[PDB]
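Enquirer: Structure below; questions to follow.
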2 protein chains.
Amino acid sequence: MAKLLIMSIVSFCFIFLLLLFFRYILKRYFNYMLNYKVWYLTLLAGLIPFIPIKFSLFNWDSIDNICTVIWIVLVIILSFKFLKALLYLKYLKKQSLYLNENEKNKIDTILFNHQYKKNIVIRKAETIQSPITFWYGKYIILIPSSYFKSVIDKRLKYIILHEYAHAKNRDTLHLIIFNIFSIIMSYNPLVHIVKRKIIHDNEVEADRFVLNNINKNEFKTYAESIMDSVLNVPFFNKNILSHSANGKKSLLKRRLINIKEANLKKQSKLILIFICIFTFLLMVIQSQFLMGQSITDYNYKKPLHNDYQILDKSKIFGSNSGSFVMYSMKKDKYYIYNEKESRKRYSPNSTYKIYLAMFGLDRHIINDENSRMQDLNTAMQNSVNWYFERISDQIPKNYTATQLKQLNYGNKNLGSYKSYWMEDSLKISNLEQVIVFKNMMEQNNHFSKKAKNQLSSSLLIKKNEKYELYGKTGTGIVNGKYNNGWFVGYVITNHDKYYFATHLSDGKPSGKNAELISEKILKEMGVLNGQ
Amino acid sequence: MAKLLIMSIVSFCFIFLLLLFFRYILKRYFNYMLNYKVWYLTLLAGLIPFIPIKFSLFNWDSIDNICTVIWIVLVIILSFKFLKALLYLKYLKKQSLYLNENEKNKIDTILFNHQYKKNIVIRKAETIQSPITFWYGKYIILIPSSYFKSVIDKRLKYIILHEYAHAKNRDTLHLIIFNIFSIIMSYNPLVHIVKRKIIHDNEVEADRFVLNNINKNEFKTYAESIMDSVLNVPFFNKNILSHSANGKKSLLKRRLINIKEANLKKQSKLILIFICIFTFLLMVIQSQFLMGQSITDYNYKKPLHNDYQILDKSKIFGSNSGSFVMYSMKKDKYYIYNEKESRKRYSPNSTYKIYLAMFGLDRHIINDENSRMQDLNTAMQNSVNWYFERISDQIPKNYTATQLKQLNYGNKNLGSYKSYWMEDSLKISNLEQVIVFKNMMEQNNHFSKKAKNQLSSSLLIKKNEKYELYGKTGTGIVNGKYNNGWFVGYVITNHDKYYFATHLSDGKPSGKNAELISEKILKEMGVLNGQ
Ligand SMILES: [Zn+2]
Ligand SMILES: [Zn+2]
């Protein structure tokens, strides 16, 4: 279904635009114009994707779910508009009177001076405030009874001609048809656009006729007449299914009415003082509503409240440009390569699994005797997503959310995805990654010692006479390409404790390269080399 | 980035709508109105998602790629519009003349009757066709030199007051500001909506002022004056950054101009005969363009050109409602359960792999000695997606496309996904599935015997004294739920050869249930029971 709606719109758009082009030049250079029927052509073009004819010469589900509901909604609504206008007119048909022979004479003169066909019907009523038409298979034409009396300024002459032109061209009907089609074609709002364009042009063609049948010195007053027919009426742009002088929802119209309504009034400044402040408070209330923290959309840029030194490790990053953060527990000092980049937030990928698993451990979901689903050491060493998918399913989401909040987990965005950190909604900077892991063991008072240590052992990479190096990689691979070269970890040495996070964005930003890069950096910096 | 743009729009929308509500009632019941500043409020609300402040009380990549490009595009464009209007005015400023004391007297009277502040500037020129303003930090006010001469109908009195009201309220500037903001805020088309609303209302408030400072019997002519200022001018709605009587792109405007242009002309009927047919041919050309075969979007509904009998197997489907097709090679007859449903097209899921693998065999990509990547029997028996993902990567896509075409593979839609049949773009009915597989072995003359037989052996399910039953399951599991219970296959018996396809849509439409259902049906129908 949706593809048709979509492509129907496409069809329309294309055609429409082509036509408009012609419209553009016909008018611009020659004051010529498209025969409006082309808009049917347009419609038809809009309709024809339908042909179930094989002619030639990603979760998409919602696309159709939406298309289906939107459409049915539109049609009942638009149908309602239709029947109301229809009824108005049909009911009005009941109220439509025949003309006196000495009234009929004028109307007939206007049209049949050109021997126009008589397959139309002329009626009048006191219930007609302004010229209006209907169809009923008869092309019902209606004029104000007051206009039948007021046949002394010949506005009516002009009006009828205008109305006639609509009639010659069967405009009433064309519109009716279009509106009906528009209802089913409503998925394309442009049905109204074109409806409108048509109307505009219908009137233009009418104007052409008018001019075609009048003198050069009448052209002027006609234009004035267009104006009189709007100036002198409320702009009750009511008949959405026909024509009337006031049939347009716009500015001049609004303004003129306000003058009609000019019984001078004063709003207590308080009326608007209240509304404006209230609203402002309501806008403030929108601000109170999750103002969409640009801070959260933005990659982290808060100043590291902690000291620190800026590093230059560009030689090691080399072919895989990125950023890197290291921290000394003894000195409470950070060492940061490309701080602007270090502060950038990226989805954690598989490295988050350490948090997921350790949360399961603290909450007594996952344990040592029952670290299995593989065990935790195997699962972590081989990144077994299955193991971890179950762990998320087995941990109350609120436990996880609580920890995200308590220990400042980046943007703490849990998304809606059970594995939201896996190239999805949760994002964290390298700086934040270091801060959080360090605090996880050093400060977290809502997390057991066993969970801290059990997790730690599963991450050992290498060791020597100075230290034990722990960590975890992950690769942000999307649609087969590398985007996030993650490696995180910590070092326990015989003199200090260090925390760190590496992220590659350029070159081949794989988790493996991040591991290699981090180790090389940490060694050169003394972390893995005794300083 | 995009989230801000999106949510900014949301902000706007909300606020806007709230305001409009008030607008609605203030006007509807009391003829009262929002102080336009609320639209700044709106803007601001639109702007504030920006606050990088954490205040409170799926391939998304494209979302931001798009947001980024769209925005930069919009701003250079809108900036261009701005500078042009600005320049027009600044250049015009160069052309703006001072008034004669005996001209100045009138302008000053109009404003300072109310002791309005004099921090404005009044100028004139022959280059002013209609009233217009600028800012320049001075609130430049411009009137036609002809209006300075034509100070005898007091239109100018009315105009200035109108202009003044804009000035009292610093409208020129407000607009300027908005437009500038609108440029950066352009991602929200509603900036123009509100711009416009503001303008509309700016004029309304001006009208309020006018009325506030005039008599009841002047109100009328003012309205007439609004009209005169539009009636008597080309609607060159040019100054997108200011106000003028003609400053609106609409219908009445277009019509009136055409009258000005009324040097009667006739388009050779051919002008439009050509354009209309050409266009029609262009619409036909759009029809020539992939008319989006609704036939292709639609599930298969072509009549089975072959005979057939309709079945009732609803008892077996039972808890898992669906459809089923069986075919007799000897009789060239089909047996169909719920034909309307049998004809429905579904993505093949893993059952397509038989085609993928056999294509690799014929094209000499995959073979017997080298059926491995697992071998083919293991890969097929355990549905090893990895095996099959590589097979698609290793087969020229055109080979596959050729076979889709030659043997009528449903909608033959290869999508863009290397595994397009795996709950993606390729879809086939059960009827089509039977037709295609049967033809694959029976008719396909662009496919070797070895590929046909090698594939066949890998599908054996069960056998007895009457037959060998072959087939393949697959489960349309999406976001963890079952949607497509596939099982396809064929039977080689000692009396006939049969082909079939089962699909479940309701209950638990798993591949396993489809296997069980198919076998049970085939046995009851005599296929797997000697008849
Ligand atoms: Zn009309
Ligand atoms: Zn104005």
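Ligands are numbered from 1 in the order shown, chains are lettered A, B, ... in the order of the structure tokens, and residues start at 1 in each chain.
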Within segment 63-173 of chain A, find each residue whose DSSP state, derived from the backbone, is helix (DSSP H, G or I), and express the selection as an mmCIF file with N, CA, C and O atoms, in the first residue's frame.

Expert:
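Once everything was written out, this is selection_6.cif:
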data_model
loop_
_atom_site.group_PDB
_atom_site.id
_atom_site.type_symbol
_atom_site.label_atom_id
_atom_site.label_comp_id
_atom_site.auth_asym_id
_atom_site.auth_seq_id
_atom_site.Cartn_x
_atom_site.Cartn_y
_atom_site.Cartn_z
ATOM 1 N N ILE A 63 5.701 1.684 7.693
ATOM 2 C CA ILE A 63 5.409 2.478 6.538
ATOM 3 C C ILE A 63 3.968 2.219 6.109
ATOM 4 O O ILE A 63 3.217 3.145 5.762
ATOM 5 N N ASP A 64 3.582 0.947 6.115
ATOM 6 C CA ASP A 64 2.269 0.561 5.675
ATOM 7 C C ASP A 64 1.263 0.694 6.785
ATOM 8 O O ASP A 64 0.089 0.982 6.535
ATOM 9 N N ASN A 65 1.707 0.498 8.025
ATOM 10 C CA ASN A 65 0.771 0.613 9.131
ATOM 11 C C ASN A 65 0.280 2.043 9.169
ATOM 12 O O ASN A 65 -0.908 2.321 9.377
ATOM 13 N N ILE A 66 1.220 2.947 8.953
ATOM 14 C CA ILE A 66 0.943 4.339 8.977
ATOM 15 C C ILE A 66 0.138 4.699 7.791
ATOM 16 O O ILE A 66 -0.952 5.236 7.923
ATOM 17 N N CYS A 67 0.567 4.299 6.622
ATOM 18 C CA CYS A 67 -0.194 4.651 5.463
ATOM 19 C C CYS A 67 -1.645 4.248 5.571
ATOM 20 O O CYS A 67 -2.546 5.026 5.220
ATOM 21 N N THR A 68 -1.890 3.066 6.098
ATOM 22 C CA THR A 68 -3.231 2.572 6.217
ATOM 23 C C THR A 68 -4.071 3.426 7.127
ATOM 24 O O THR A 68 -5.193 3.819 6.774
ATOM 25 N N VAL A 69 -3.548 3.716 8.308
ATOM 26 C CA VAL A 69 -4.347 4.468 9.228
ATOM 27 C C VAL A 69 -4.493 5.890 8.805
ATOM 28 O O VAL A 69 -5.559 6.475 8.956
ATOM 29 N N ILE A 70 -3.459 6.468 8.263
ATOM 30 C CA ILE A 70 -3.581 7.840 7.912
ATOM 31 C C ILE A 70 -4.642 8.000 6.885
ATOM 32 O O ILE A 70 -5.481 8.889 6.987
ATOM 33 N N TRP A 71 -4.626 7.150 5.891
ATOM 34 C CA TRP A 71 -5.587 7.283 4.854
ATOM 35 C C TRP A 71 -7.011 7.146 5.313
ATOM 36 O O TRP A 71 -7.870 7.943 4.931
ATOM 37 N N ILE A 72 -7.308 6.133 6.114
ATOM 38 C CA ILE A 72 -8.701 5.985 6.467
ATOM 39 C C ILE A 72 -9.173 7.176 7.256
ATOM 40 O O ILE A 72 -10.324 7.613 7.139
ATOM 41 N N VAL A 73 -8.280 7.710 8.053
ATOM 42 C CA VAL A 73 -8.609 8.856 8.811
ATOM 43 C C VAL A 73 -8.933 10.004 7.905
ATOM 44 O O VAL A 73 -9.973 10.657 8.037
ATOM 45 N N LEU A 74 -8.088 10.225 6.934
ATOM 46 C CA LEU A 74 -8.318 11.339 6.071
ATOM 47 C C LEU A 74 -9.620 11.227 5.363
ATOM 48 O O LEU A 74 -10.358 12.202 5.255
ATOM 49 N N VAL A 75 -9.960 10.049 4.917
ATOM 50 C CA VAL A 75 -11.157 10.029 4.147
ATOM 51 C C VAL A 75 -12.398 10.221 4.925
ATOM 52 O O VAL A 75 -13.307 10.882 4.438
ATOM 53 N N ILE A 76 -12.506 9.702 6.134
ATOM 54 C CA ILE A 76 -13.775 9.969 6.776
ATOM 55 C C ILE A 76 -13.946 11.449 6.996
ATOM 56 O O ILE A 76 -15.049 11.979 6.896
ATOM 57 N N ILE A 77 -12.845 12.113 7.290
ATOM 58 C CA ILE A 77 -12.867 13.518 7.562
ATOM 59 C C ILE A 77 -13.240 14.330 6.358
ATOM 60 O O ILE A 77 -14.052 15.254 6.408
ATOM 61 N N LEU A 78 -12.582 14.038 5.284
ATOM 62 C CA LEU A 78 -12.805 14.771 4.093
ATOM 63 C C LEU A 78 -14.170 14.465 3.557
ATOM 64 O O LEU A 78 -14.820 15.327 2.971
ATOM 65 N N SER A 79 -14.612 13.246 3.744
ATOM 66 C CA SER A 79 -15.921 12.903 3.331
ATOM 67 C C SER A 79 -16.861 13.758 4.119
ATOM 68 O O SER A 79 -17.766 14.369 3.559
ATOM 69 N N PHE A 80 -16.640 13.881 5.428
ATOM 70 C CA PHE A 80 -17.533 14.713 6.197
ATOM 71 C C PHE A 80 -17.600 16.102 5.595
ATOM 72 O O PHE A 80 -18.681 16.671 5.437
ATOM 73 N N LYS A 81 -16.450 16.670 5.247
ATOM 74 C CA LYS A 81 -16.484 18.010 4.692
ATOM 75 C C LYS A 81 -17.339 18.033 3.441
ATOM 76 O O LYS A 81 -18.173 18.926 3.240
ATOM 77 N N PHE A 82 -17.163 17.025 2.624
ATOM 78 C CA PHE A 82 -17.924 16.910 1.429
ATOM 79 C C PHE A 82 -19.380 16.852 1.631
ATOM 80 O O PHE A 82 -20.123 17.587 0.985
ATOM 81 N N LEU A 83 -19.826 15.979 2.505
ATOM 82 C CA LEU A 83 -21.241 15.825 2.581
ATOM 83 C C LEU A 83 -21.827 17.055 3.141
ATOM 84 O O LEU A 83 -22.943 17.414 2.788
ATOM 85 N N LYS A 84 -21.093 17.739 3.998
ATOM 86 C CA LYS A 84 -21.643 18.937 4.549
ATOM 87 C C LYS A 84 -21.835 19.973 3.465
ATOM 88 O O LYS A 84 -22.902 20.579 3.367
ATOM 89 N N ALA A 85 -20.824 20.184 2.641
ATOM 90 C CA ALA A 85 -20.976 21.161 1.594
ATOM 91 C C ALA A 85 -22.067 20.722 0.638
ATOM 92 O O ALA A 85 -22.875 21.522 0.174
ATOM 93 N N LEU A 86 -22.120 19.440 0.366
ATOM 94 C CA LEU A 86 -23.099 18.944 -0.538
ATOM 95 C C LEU A 86 -24.448 19.224 -0.051
ATOM 96 O O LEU A 86 -25.302 19.691 -0.793
ATOM 97 N N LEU A 87 -24.673 18.881 1.187
ATOM 98 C CA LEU A 87 -25.937 19.057 1.796
ATOM 99 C C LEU A 87 -26.295 20.484 1.811
ATOM 100 O O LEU A 87 -27.416 20.850 1.501
ATOM 101 N N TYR A 88 -25.353 21.334 2.141
ATOM 102 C CA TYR A 88 -25.661 22.729 2.157
ATOM 103 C C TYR A 88 -26.302 23.074 0.867
ATOM 104 O O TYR A 88 -27.359 23.695 0.827
ATOM 105 N N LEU A 89 -25.665 22.683 -0.196
ATOM 106 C CA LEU A 89 -26.169 22.995 -1.474
ATOM 107 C C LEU A 89 -27.444 22.297 -1.823
ATOM 108 O O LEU A 89 -28.304 22.885 -2.456
ATOM 109 N N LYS A 90 -27.594 21.049 -1.457
ATOM 110 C CA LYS A 90 -28.787 20.337 -1.830
ATOM 111 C C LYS A 90 -29.966 20.905 -1.085
ATOM 112 O O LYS A 90 -31.083 20.992 -1.600
ATOM 113 N N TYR A 91 -29.737 21.233 0.154
ATOM 114 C CA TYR A 91 -30.739 21.803 0.997
ATOM 115 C C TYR A 91 -31.055 23.143 0.370
ATOM 116 O O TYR A 91 -32.204 23.518 0.169
ATOM 117 N N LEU A 92 -30.016 23.863 0.003
ATOM 118 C CA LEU A 92 -30.197 25.122 -0.652
ATOM 119 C C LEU A 92 -30.968 24.916 -1.946
ATOM 120 O O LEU A 92 -31.776 25.750 -2.333
ATOM 121 N N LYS A 93 -30.736 23.805 -2.630
ATOM 122 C CA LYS A 93 -31.467 23.517 -3.837
ATOM 123 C C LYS A 93 -32.938 23.576 -3.492
ATOM 124 O O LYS A 93 -33.715 24.205 -4.198
ATOM 125 N N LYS A 94 -33.334 22.960 -2.378
ATOM 126 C CA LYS A 94 -34.733 23.020 -1.936
ATOM 127 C C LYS A 94 -35.211 24.484 -1.890
ATOM 128 O O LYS A 94 -36.346 24.799 -2.249
ATOM 129 N N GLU A 101 -40.099 36.118 -15.209
ATOM 130 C CA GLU A 101 -39.737 36.279 -16.595
ATOM 131 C C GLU A 101 -38.964 37.562 -16.828
ATOM 132 O O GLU A 101 -38.078 37.617 -17.687
ATOM 133 N N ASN A 102 -39.253 38.599 -16.047
ATOM 134 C CA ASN A 102 -38.577 39.855 -16.255
ATOM 135 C C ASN A 102 -37.242 39.937 -15.528
ATOM 136 O O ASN A 102 -36.584 40.989 -15.542
ATOM 137 N N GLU A 103 -36.835 38.823 -14.950
ATOM 138 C CA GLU A 103 -35.566 38.656 -14.300
ATOM 139 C C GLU A 103 -34.770 37.675 -15.124
ATOM 140 O O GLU A 103 -33.565 37.836 -15.371
ATOM 141 N N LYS A 104 -35.486 36.673 -15.598
ATOM 142 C CA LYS A 104 -34.962 35.594 -16.381
ATOM 143 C C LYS A 104 -34.381 36.176 -17.643
ATOM 144 O O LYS A 104 -33.298 35.795 -18.087
ATOM 145 N N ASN A 105 -35.073 37.160 -18.192
ATOM 146 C CA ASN A 105 -34.635 37.844 -19.386
ATOM 147 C C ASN A 105 -33.189 38.322 -19.347
ATOM 148 O O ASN A 105 -32.491 38.229 -20.362
ATOM 149 N N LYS A 106 -32.719 38.807 -18.199
ATOM 150 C CA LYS A 106 -31.382 39.340 -18.113
ATOM 151 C C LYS A 106 -30.387 38.223 -18.056
ATOM 152 O O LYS A 106 -29.357 38.262 -18.722
ATOM 153 N N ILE A 107 -30.716 37.196 -17.295
ATOM 154 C CA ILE A 107 -29.755 36.135 -17.130
ATOM 155 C C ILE A 107 -29.568 35.465 -18.456
ATOM 156 O O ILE A 107 -28.440 35.165 -18.877
ATOM 157 N N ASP A 108 -30.681 35.203 -19.118
ATOM 158 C CA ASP A 108 -30.627 34.567 -20.396
ATOM 159 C C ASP A 108 -29.884 35.417 -21.403
ATOM 160 O O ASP A 108 -29.100 34.891 -22.186
ATOM 161 N N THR A 109 -30.063 36.732 -21.367
ATOM 162 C CA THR A 109 -29.347 37.579 -22.299
ATOM 163 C C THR A 109 -27.864 37.390 -22.128
ATOM 164 O O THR A 109 -27.126 37.127 -23.083
ATOM 165 N N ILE A 110 -27.422 37.393 -20.899
ATOM 166 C CA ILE A 110 -26.011 37.336 -20.669
ATOM 167 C C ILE A 110 -25.381 36.116 -21.302
ATOM 168 O O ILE A 110 -24.344 36.224 -21.952
ATOM 169 N N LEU A 111 -25.989 34.968 -21.135
ATOM 170 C CA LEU A 111 -25.408 33.770 -21.693
ATOM 171 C C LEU A 111 -25.720 33.494 -23.148
ATOM 172 O O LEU A 111 -24.868 33.069 -23.941
ATOM 173 N N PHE A 112 -26.918 33.782 -23.557
ATOM 174 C CA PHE A 112 -27.248 33.285 -24.843
ATOM 175 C C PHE A 112 -26.986 34.280 -25.916
ATOM 176 O O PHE A 112 -27.154 33.987 -27.094
ATOM 177 N N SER A 145 -31.201 37.356 -4.000
ATOM 178 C CA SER A 145 -32.432 37.984 -4.425
ATOM 179 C C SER A 145 -32.199 39.479 -4.534
ATOM 180 O O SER A 145 -32.697 40.150 -5.440
ATOM 181 N N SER A 146 -31.332 39.981 -3.676
ATOM 182 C CA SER A 146 -30.976 41.371 -3.653
ATOM 183 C C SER A 146 -30.279 41.799 -4.911
ATOM 184 O O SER A 146 -30.262 42.987 -5.233
ATOM 185 N N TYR A 147 -29.677 40.856 -5.622
ATOM 186 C CA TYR A 147 -28.967 41.133 -6.847
ATOM 187 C C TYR A 147 -29.960 41.182 -7.949
ATOM 188 O O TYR A 147 -29.757 41.885 -8.925
ATOM 189 N N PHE A 148 -31.054 40.451 -7.790
ATOM 190 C CA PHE A 148 -32.108 40.500 -8.778
ATOM 191 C C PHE A 148 -32.796 41.818 -8.691
ATOM 192 O O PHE A 148 -33.373 42.313 -9.660
ATOM 193 N N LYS A 149 -32.801 42.380 -7.508
ATOM 194 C CA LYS A 149 -33.346 43.695 -7.389
ATOM 195 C C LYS A 149 -32.285 44.665 -7.857
ATOM 196 O O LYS A 149 -32.542 45.562 -8.664
ATOM 197 N N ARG A 155 -23.521 44.816 -12.006
ATOM 198 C CA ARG A 155 -22.570 43.961 -11.381
ATOM 199 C C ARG A 155 -22.964 42.591 -11.695
ATOM 200 O O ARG A 155 -22.122 41.744 -11.932
ATOM 201 N N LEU A 156 -24.260 42.355 -11.704
ATOM 202 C CA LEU A 156 -24.738 41.052 -11.994
ATOM 203 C C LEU A 156 -24.353 40.664 -13.396
ATOM 204 O O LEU A 156 -24.045 39.514 -13.657
ATOM 205 N N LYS A 157 -24.364 41.589 -14.334
ATOM 206 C CA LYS A 157 -23.972 41.201 -15.667
ATOM 207 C C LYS A 157 -22.609 40.565 -15.622
ATOM 208 O O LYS A 157 -22.357 39.505 -16.208
ATOM 209 N N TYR A 158 -21.729 41.241 -14.918
ATOM 210 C CA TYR A 158 -20.353 40.853 -14.815
ATOM 211 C C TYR A 158 -20.239 39.558 -14.050
ATOM 212 O O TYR A 158 -19.509 38.644 -14.434
ATOM 213 N N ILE A 159 -20.996 39.447 -13.000
ATOM 214 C CA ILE A 159 -20.963 38.275 -12.202
ATOM 215 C C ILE A 159 -21.388 37.105 -12.959
ATOM 216 O O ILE A 159 -20.762 36.075 -12.855
ATOM 217 N N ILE A 160 -22.493 37.211 -13.656
ATOM 218 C CA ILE A 160 -22.974 36.072 -14.354
ATOM 219 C C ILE A 160 -22.005 35.684 -15.345
ATOM 220 O O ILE A 160 -21.743 34.514 -15.490
ATOM 221 N N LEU A 161 -21.444 36.625 -16.060
ATOM 222 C CA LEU A 161 -20.496 36.202 -17.036
ATOM 223 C C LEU A 161 -19.413 35.410 -16.369
ATOM 224 O O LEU A 161 -18.972 34.388 -16.894
ATOM 225 N N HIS A 162 -18.971 35.873 -15.226
ATOM 226 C CA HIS A 162 -17.967 35.169 -14.499
ATOM 227 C C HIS A 162 -18.487 33.780 -14.180
ATOM 228 O O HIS A 162 -17.808 32.768 -14.402
ATOM 229 N N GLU A 163 -19.700 33.716 -13.679
ATOM 230 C CA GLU A 163 -20.265 32.461 -13.330
ATOM 231 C C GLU A 163 -20.454 31.632 -14.548
ATOM 232 O O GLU A 163 -20.315 30.413 -14.521
ATOM 233 N N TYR A 164 -20.812 32.254 -15.619
ATOM 234 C CA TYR A 164 -21.013 31.514 -16.797
ATOM 235 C C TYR A 164 -19.753 30.881 -17.211
ATOM 236 O O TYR A 164 -19.737 29.731 -17.595
ATOM 237 N N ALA A 165 -18.672 31.612 -17.207
ATOM 238 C CA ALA A 165 -17.465 31.001 -17.665
ATOM 239 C C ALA A 165 -17.215 29.750 -16.878
ATOM 240 O O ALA A 165 -16.803 28.728 -17.443
ATOM 241 N N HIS A 166 -17.516 29.789 -15.584
ATOM 242 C CA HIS A 166 -17.354 28.586 -14.841
ATOM 243 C C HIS A 166 -18.227 27.542 -15.466
ATOM 244 O O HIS A 166 -17.843 26.399 -15.668
ATOM 245 N N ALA A 167 -19.448 27.916 -15.763
ATOM 246 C CA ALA A 167 -20.364 26.974 -16.355
ATOM 247 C C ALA A 167 -19.927 26.457 -17.714
ATOM 248 O O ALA A 167 -20.095 25.272 -17.997
ATOM 249 N N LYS A 168 -19.343 27.293 -18.556
ATOM 250 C CA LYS A 168 -19.024 26.843 -19.891
ATOM 251 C C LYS A 168 -18.071 25.730 -19.753
ATOM 252 O O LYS A 168 -18.129 24.721 -20.447
ATOM 253 N N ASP A 171 -16.970 24.082 -14.499
ATOM 254 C CA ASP A 171 -16.137 24.163 -13.334
ATOM 255 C C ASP A 171 -16.755 23.608 -12.112
ATOM 256 O O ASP A 171 -16.095 22.908 -11.351
ATOM 257 N N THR A 172 -18.033 23.830 -11.909
ATOM 258 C CA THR A 172 -18.573 23.372 -10.666
ATOM 259 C C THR A 172 -18.310 21.921 -10.561
ATOM 260 O O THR A 172 -17.820 21.418 -9.555
ATOM 261 N N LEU A 173 -18.618 21.245 -11.612
ATOM 262 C CA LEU A 173 -18.450 19.850 -11.604
ATOM 263 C C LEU A 173 -17.024 19.487 -11.525
ATOM 264 O O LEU A 173 -16.647 18.588 -10.788
#

Enquirer: Hey, which bits of chain A sit within 12 Å of ligand 2, and for each residue what's the closest pair of atoms and how far apart in Å (one decimal), counting only C-alpha atoms and all ligand atoms, rows by chain and increasing number, as a tab-separated table?

Expert:
residue	atom	partner	partner_atom_place_in_ligand_line	distance
A:251	CA	ligand 2	1 (Zn)	11.5
A:252	CA	ligand 2	1 (Zn)	11.1
A:255	CA	ligand 2	1 (Zn)	10.7

Enquirer: Write out as a Markdown table a residue-level contact list of chain A versus ligand 1 with cut-off 12 Å: for each qualifying residue the closest pair of atoms and the distance in Å to one decimal, counting only C-alpha atoms and all ligand atoms, rows sorted by chain and residue number upward.

Expert:
| residue | atom | partner | partner_atom_place_in_ligand_line | distance |
| --- | --- | --- | --- | --- |
| A:130 | CA | ligand 1 | 1 (Zn) | 11.5 |
| A:131 | CA | ligand 1 | 1 (Zn) | 8.9 |
| A:132 | CA | ligand 1 | 1 (Zn) | 8.7 |
| A:133 | CA | ligand 1 | 1 (Zn) | 9.6 |
| A:141 | CA | ligand 1 | 1 (Zn) | 11.9 |
| A:158 | CA | ligand 1 | 1 (Zn) | 10.8 |
| A:159 | CA | ligand 1 | 1 (Zn) | 8.3 |
| A:160 | CA | ligand 1 | 1 (Zn) | 9.4 |
| A:161 | CA | ligand 1 | 1 (Zn) | 9.3 |
| A:162 | CA | ligand 1 | 1 (Zn) | 5.7 |
| A:163 | CA | ligand 1 | 1 (Zn) | 5.8 |
| A:164 | CA | ligand 1 | 1 (Zn) | 8.8 |
| A:165 | CA | ligand 1 | 1 (Zn) | 8.0 |
| A:166 | CA | ligand 1 | 1 (Zn) | 6.5 |
| A:167 | CA | ligand 1 | 1 (Zn) | 9.7 |
| A:168 | CA | ligand 1 | 1 (Zn) | 11.9 |
| A:169 | CA | ligand 1 | 1 (Zn) | 11.4 |
| A:170 | CA | ligand 1 | 1 (Zn) | 11.8 |
| A:171 | CA | ligand 1 | 1 (Zn) | 9.0 |
| A:172 | CA | ligand 1 | 1 (Zn) | 9.7 |
| A:175 | CA | ligand 1 | 1 (Zn) | 11.8 |
| A:198 | CA | ligand 1 | 1 (Zn) | 11.4 |
| A:199 | CA | ligand 1 | 1 (Zn) | 8.4 |
| A:200 | CA | ligand 1 | 1 (Zn) | 8.9 |
| A:201 | CA | ligand 1 | 1 (Zn) | 9.6 |
| A:202 | CA | ligand 1 | 1 (Zn) | 7.2 |
| A:203 | CA | ligand 1 | 1 (Zn) | 5.0 |
| A:204 | CA | ligand 1 | 1 (Zn) | 8.4 |
| A:205 | CA | ligand 1 | 1 (Zn) | 9.2 |
| A:206 | CA | ligand 1 | 1 (Zn) | 6.6 |
| A:207 | CA | ligand 1 | 1 (Zn) | 8.2 |
| A:208 | CA | ligand 1 | 1 (Zn) | 11.3 |
| A:209 | CA | ligand 1 | 1 (Zn) | 11.1 |
| A:210 | CA | ligand 1 | 1 (Zn) | 10.5 |
| A:225 | CA | ligand 1 | 1 (Zn) | 11.6 |
| A:226 | CA | ligand 1 | 1 (Zn) | 9.1 |
| A:229 | CA | ligand 1 | 1 (Zn) | 10.6 |
| A:230 | CA | ligand 1 | 1 (Zn) | 11.7 |
| A:242 | CA | ligand 1 | 1 (Zn) | 8.9 |
| A:243 | CA | ligand 1 | 1 (Zn) | 5.6 |
| A:244 | CA | ligand 1 | 1 (Zn) | 6.3 |
| A:245 | CA | ligand 1 | 1 (Zn) | 6.7 |
| A:246 | CA | ligand 1 | 1 (Zn) | 9.7 |
| A:247 | CA | ligand 1 | 1 (Zn) | 9.0 |
| A:248 | CA | ligand 1 | 1 (Zn) | 11.4 |

Enquirer: Just to confirm, what's the straight-line distance from atom CA of residue 240 of chain A to atom CA of residue 12 of chain A in Å (one decimal)?

Expert: 22.1 Å

Enquirer: Report the residues of segment 121-362 of chain A whose backbone DSSP state falls under strand (DSSP E or B), written as a ChimeraX atom specification.

Expert: /A:121-125,132-133,140-144,307-311,322-328,333-337,346

Enquirer: Need to verify the contact set: residue 278 of chain B, 12 Å, only C-alpha atoms, exclusion of same-chain residues closer than 6 positions in sequence. Can you return it as a list in words?

Expert: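 Near neighbours after the sequence-gap exclusion: residues 15, 18, 19, 22, 34, 38 and 41 of chain A; 270, 271, 272, 284, 285 and 286 of chain B.
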
Enquirer: So which residues touch residue 502 of chain A within 8 Å, counting only C-alpha atoms, skipping near sequence neighbours fewer than 2 positions away, as a PyMOL selection string?

Expert: chain A and resi 322-325+430+485-488+500+504+514-515+517-518
